[PDB]
> 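Got a structure for you, written out below as structure tokens; questions coming shortly.
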Amino acid sequence: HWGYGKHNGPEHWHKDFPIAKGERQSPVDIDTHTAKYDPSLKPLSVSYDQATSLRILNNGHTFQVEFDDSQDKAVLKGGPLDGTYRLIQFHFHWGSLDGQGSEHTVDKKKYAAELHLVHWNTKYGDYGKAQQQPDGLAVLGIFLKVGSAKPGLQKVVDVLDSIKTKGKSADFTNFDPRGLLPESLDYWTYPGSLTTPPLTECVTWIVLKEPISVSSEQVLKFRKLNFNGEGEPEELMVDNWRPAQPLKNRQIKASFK
Ligand SMILES: CCOc1ccc2nc(S(N)(=O)=O)sc2c1
Ligand SMILES: [Zn+2]
């Protein structure tokens, strides 16, 4: 059904998913000159020491690395959040060229890609129930710019040939998502939505100010993935990002400046 092409891309999603035209859609442009420093926001607590990665999956829209979320292992807390949010997966959005690919923008700047670490609020007991609640999910967004390689990303890049096409998975154990973080945990935060269907308004977004650097070779390997399944016409998995949506009444808060 939905995807990222001319015929099924972001401009069409509202017909199956009317909340696409809602009041709290994501991503947004982060206007750094209107974001409000909030001295009461806490440092983020990213606690990934016990993370247990299990698998990597090409889901036809992105690839995702999934974790064991059946115990409090890898959790996000603090910052703007009230409870504890458990990591379930991360995935990326990227472009066909280094000058596009991120979902969020910063003063209209697009990055080459964006990493989303998806966490669910443990007060809701499971990820699927959390997806139905206004404060169900917290997604940590990290921009990727092209420059030096990110060594912590290479284990991911090297397995992508084994999941070229939609529906392929591979075991992916012992991956440490701490290797994908920038030095600083300074962030912006605002209330929003999933950026892909069903576009539910269930996300507290936490977008880090500092991008990570990845090499041109690393991002090129993302662009060799396919949206299609095996045996179908080849369609390169590129430009799997939703453009910025109207901010509406919302305020973006900053943890710094
Ligand atoms: C069953 C889980 O379903 C979904 C659907 C859409 C979706 N979008 C995001 S994002 N790009 O991080 O805002 S995470 C997510 C999970
Ligand atoms: Zn995403």
Side-chain angles (χ1 to χ4, degrees), residues 2 4 10 13-14 16-31 35-36 38 41-42 44-46 48 59 61-62 64-67 69 74-93 101-106 111 113-143 177 180-181 185-209 240-255:
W2 71 268
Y4 288 101
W13 294 346
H14 71 97
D16 288 280
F17 305 96
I19 197 63
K21 294 182 180 296
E23 298 305 298
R24 313 170 182 94
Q25 288 292 290
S26 294
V28 298
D29 182 57
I30 301 165
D31 182 335
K36 170 77 177 171
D38 186 345
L41 280 173
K42 303 195 256 303
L44 204 56
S45 174
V46 178
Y48 288 172
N59 69 5
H61 313 287
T62 184
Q64 68 182 226
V65 169
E66 300 164 346
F67 289 80
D69 69 339
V75 298
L76 180 66
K77 61 179 99 192
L81 301 174
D82 268 328
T84 294
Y85 289 66
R86 270 205 202 155
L87 178 64
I88 174 58
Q89 54 105 321
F90 70 76
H91 61 272
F92 298 81
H93 306 262
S102 66
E103 299 210 299
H104 292 90
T105 56
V106 178
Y111 287 89
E114 187 172 327
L115 163 61
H116 286 165
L117 295 121
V118 179
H119 312 74
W120 58 269
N121 193 325
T122 63
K123 80 186 279 173
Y124 301 120
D126 65 74
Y127 178 41
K129 273 21 126 184
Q131 287 162 38
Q132 305 305 326
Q133 307 302 323
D135 62 339
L137 302 184
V139 183
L140 179 62
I142 301 177
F143 297 114
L180 296 177
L181 305 177
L185 292 182
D186 290 343
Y187 62 90
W188 297 281
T189 185
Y190 74 98
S193 76
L194 305 176
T195 71
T196 72
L199 306 168
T200 308
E201 293 181 341
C202 60
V203 181
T204 298
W205 276 96
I206 300 169
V207 176
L208 295 189
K209 168 190 99 307
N240 54 353
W241 50 275
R242 190 190 196 194
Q245 299 302 306
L247 190 62
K248 300 283 156 107
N249 303 322
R250 289 172 293 177
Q251 290 208 25
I252 306 184
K253 295 195 166 172
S255 77

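If you read the sequence from its start, that first residue is 1, and numbering goes on from there. Basis for what follows: all heavy atoms, side chains included, without hydrogens, waters or symmetry-related copies.
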> Before giving the answer on side chain to side chain contact (heavy atoms under 4.5 Å, CB included), spell out for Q64 and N59 the whole-Å C-alpha distance, their side-chain angles and the decisive distance to 0.1 Å.
CA-CA 7 Å; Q64 68 182 226; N59 69 5; 3.7 Å; yes
> Enter the distance from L199:CG to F17:CZ here, rounded to the nearest 0.5 Å.
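With rounding to 0.5 Å, CG (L199) is 7.0 Å from CZ (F17).
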> Please list all pairs passing the side-chain hydrogen bond (donor to acceptor under 3.5 Å, both in side chains) test where one or both residues lie in residues 74-91, with sequence neighbours left out.
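side-chain hydrogen bond (donor to acceptor under 3.5 Å, both in side chains) check on residues 74-91 returns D72-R86, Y85-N121, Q89-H91, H91-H93, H91-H116.
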> Between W2 and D16, is any side-chain donor less than 3.5 angstrom from a side-chain acceptor?
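Note: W2 and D16 side chains miss the donor-acceptor criterion.
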> Counting only heavy atoms from other residues, nucleotides and ligands, does the tally under 6.0 Å from CZ of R24 exceed 12?
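No, CZ of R24 has 12 or fewer neighbouring heavy atoms, counting only those of other groups under 6.0 Å.
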> With rounding to the nearest 0.5 angstrom, report the CH2 to CG distance, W120 to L87.
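One finds 11.0 Å between CH2 of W120 and CG of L87.
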> Look up atom CD in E23 and atom NZ in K21, then write down how far apart they are to the nearest 0.5 Å.
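Answer rounded to 0.5 Å: 12.0 Å.
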> What closest approach, in Å, do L41 and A254 show between heavy atoms, and which atom pair accounts for it?
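Shortest heavy-atom separation between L41 and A254 comes out as CD1-O, 3.6 Å.
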> Hey, does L137 have a side-chain heavy atom less than 4.5 Å from the side chain of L194?
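Contact flag for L194/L137 side chains = yes.
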> Would you mind listing every side-chain hydrogen bond (donor to acceptor under 3.5 Å, both in side chains) that reaches into residues 127-137, with sequence neighbours excluded?
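For residues 127-137, and leaving out neighbouring residues, the side-chain hydrogen bond (donor to acceptor under 3.5 Å, both in side chains) pairs sorted by first residue read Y124-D135.
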> Side chain to side chain contact (heavy atoms under 4.5 Å, CB included) for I19 and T200? Distances and angles first, verdict last.
CA-CA 7 Å; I19 197 63; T200 308; 5.7 Å; no
> Any donor and acceptor pair, going by atom type alone, linking the side chain of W241 with main-chain N or O of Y4 inside 3.5 Å?
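Looks like no, no N/O pair under 3.5 Å.
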> Any side-chain heavy-atom pair from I252 and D31 closer than 4.5 angstrom?
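They are not in contact (no side-chain heavy atoms under 4.5 Å apart), so the answer is no.
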> Rounded to the nearest 0.5 Å, what separation is found between the CG atom of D69 and the CG atom of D126?
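Those atoms lie 8.5 Å apart.
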> How close do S193 and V203 get, counting heavy atoms only, and between which atoms?
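Closest heavy-atom pair between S193 and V203: C-CG2, 3.5 Å.
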> What is the minimum heavy-atom distance between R242 and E103, and which atoms define it?
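Heavy atoms only, the tightest pair is N-OE2, 2.8 Å.
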> Given side chains that start at C-beta, do those of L76 and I206 come closer than 4.5 Å, heavy atoms only?
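Contact flag for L76/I206 side chains = yes.
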> So which of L140, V139, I88 actually passes side chain to side chain contact (heavy atoms under 4.5 Å, CB included) with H119?
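Of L140, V139, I88, side chain to side chain contact (heavy atoms under 4.5 Å, CB included) with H119 is met by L140 alone.
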> For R250 versus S26, what's the shortest heavy-atom pair and its separation?
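Smallest heavy-atom distance, with atoms named: NH1-OG, 4.4 Å.
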> Could you check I30 against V207 for side chain to side chain contact (heavy atoms under 4.5 Å, CB included), going step by step and ending with a plain yes or no?
CA-CA 9 Å; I30 301 165; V207 176; 4.0 Å; yes
> Where do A130 and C202 come nearest, in terms of heavy atoms and distance?
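Scanning both residues, the minimum pair turns out to be O-CB, 4.3 Å.
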> If you look at every heavy atom in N240 and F92, which pair is closest and at what distance?
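Shortest heavy-atom contact: ND2-O, 3.8 Å.
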> Just so I know, are the side chains of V28 and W205 near enough to count as touching, which here means a heavy-atom distance under 4.5 Å?
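With C-beta onward as the side chain, the pair stays apart.
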> Can you list the steps and then say if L185 with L208 is a side chain to side chain contact (heavy atoms under 4.5 Å, CB included)?
CA-CA 6 Å; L185 292 182; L208 295 189; 4.0 Å; yes
> Any chance you could measure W188, atom CH2, to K209, atom NZ, to the nearest 0.5 Å?
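NZ of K209 is found 7.0 Å from CH2 of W188.
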